[PDB]
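This document opens with one chain alone, in structure tokens, the form deposited in one PDB entry.
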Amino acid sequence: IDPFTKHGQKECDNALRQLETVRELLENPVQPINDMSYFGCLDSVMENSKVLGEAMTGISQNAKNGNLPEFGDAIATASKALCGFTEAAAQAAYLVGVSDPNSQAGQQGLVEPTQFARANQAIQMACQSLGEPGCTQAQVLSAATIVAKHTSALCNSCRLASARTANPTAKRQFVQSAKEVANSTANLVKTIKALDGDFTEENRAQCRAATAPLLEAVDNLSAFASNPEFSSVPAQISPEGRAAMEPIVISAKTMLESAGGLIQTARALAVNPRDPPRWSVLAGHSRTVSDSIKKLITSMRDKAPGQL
């Protein structure tokens, strides 16, 4: 296969993978998707529906006329607009479903807690680099200093954890934790400078020593943070909330499903556009993608007065 057609067909396959990933946003929205306000979602849906409508014209025109570079560009643009659209729709659907008097908003966990696997991995990596013969001076230094930036950011998380937990026993572990990590992390930073100034076996032994109190401090924290009452609590959306969000949610799903059929079918037409059955299939998908977006827009506008 010639590389231009391969490239065009790869654009479509990358687009279909992207739609599959983004569709998950619609499965159970029980947390905000992003930080848009309701009108921000509506504004984004409006903007994406113009970008999409143009890209859809470009997908059919360029597959018909054989312009493969522009076809693959229009498929990429369509994809980014559909992903945009879905992020805005899923966020709007969440905002609607939680706003019902019988629903309770989602609560985000106090810490990450991926931030803690990542810190502990940095430490293990720095220990291996400090210990094992296979690293340059510069490289032992980077692996030590990357530990400092994880643990330093763990201090900001403690702070925000305490200065928002209500629960005081936790608030105090998080204030205390911040100090232990800050004190251990300052200690490590000190050893790293002494090392990047005189690169001896004993200064290397000092940085190594400095990681144990630090790692213990990240372990008292990393372990204690992911207790219960600290994991995010999903929204509890009432039957009425669910029914109110449903037209947004189903129209966005139906949009994505028919967009996938439009792209899959375009992927074949770009190689051979003399195919009336596939143009008819594409047109069917295209009409559904357009009807879906109209419904979604209508549904978002019907509810928008509540968000003023």
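We call the rigid core whatever largest set of C-alpha positions still superposes within 1.5 Å between the two forms. A residue's number is simply how far along the shown sequence it sits, counting from 1.
Novice: I need to verify one thing: averaged over C-alpha atoms only, is the B-factor higher for 206 to 214 or for 137 to 145?
Specialist: Higher mean C-alpha B-factor: 137 to 145.
Novice: Per the entry, where is the mean C-alpha temperature factor higher: 253 to 261 or 32 to 40?
Specialist: 32 to 40 has the higher mean C-alpha B-factor.
Novice: Out of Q91, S129, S79, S184, whose C-alpha atom has the biggest B factor in the entry?
Specialist: Result of the comparison over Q91, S129, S79, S184: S129.
Novice: Based on the PDB record, which member of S177, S152, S103, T86 exhibits the highest Cα temperature factor?
Specialist: Among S177, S152, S103, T86, the PDB entry lists the largest C-alpha B-factor for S152.
Novice: Where does the C-alpha B-factor of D73 rank in its chain, lowest, middle or highest third?
Specialist: As the PDB entry reports it, the C-alpha B-factor of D73 lands in the lowest third of its chain.
Heads up, the form solved in complex with a partner chain isn't pictured, but that's what we're talking about next.
Novice: Want to guess which of 114 to 122, 231 to 239, 81 to 89, 176 to 184 is within 4.5 Å of the partner chain in the entry with it bound, heavy atoms only?
Specialist: Careful reading of the contacts points to 176 to 184.
Novice: Can any non-hydrogen atom of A144 be found within 4.5 angstroms of the partner chain in the entry with it bound?
Specialist: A144: yes, in contact with the partner chain in the entry with it bound.
Novice: Does at least one non-hydrogen atom of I192 fall within 4.5 angstroms of the partner chain in the entry with it bound?
Specialist: Yes, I192 sits close enough to the partner chain in the entry with it bound that at least one of its heavy atoms falls within 4.5 Å.
Novice: Is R204 close enough to touch the partner chain in the entry with it bound, meaning at least one heavy atom pair within 4.5 Å?
Specialist: No, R204 sits far enough from the partner chain in the entry with it bound that none of its heavy atoms falls within 4.5 Å.
Novice: Consider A148 of the chain shown here, and say whether it contacts the partner chain in the entry with it bound, taking contact as heavy atoms within 4.5 Å.
Specialist: Contact with the partner chain, yes.
Novice: From the list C155, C127, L215, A105, which entry has a heavy atom within 4.5 Å of the partner chain in the entry with it bound?
Specialist: Spelling it out, the residue with a heavy atom inside the cut-off is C155.
Novice: With the two forms aligned on the rigid core, which of the residues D73, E87, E112, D100 moves its CA by 2 Å or more between the shown form and the other one?
Specialist: Once the cores are aligned, the residue moving by 2 Å or more is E112.
Novice: Shorter or longer C-alpha distance for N34 and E229 in the entry with it bound, given it differs from this form by 3 Å or more?
Specialist: The answer is closer, because the C-alphas of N34 and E229 approach each other in the entry with it bound by 3 Å or more.
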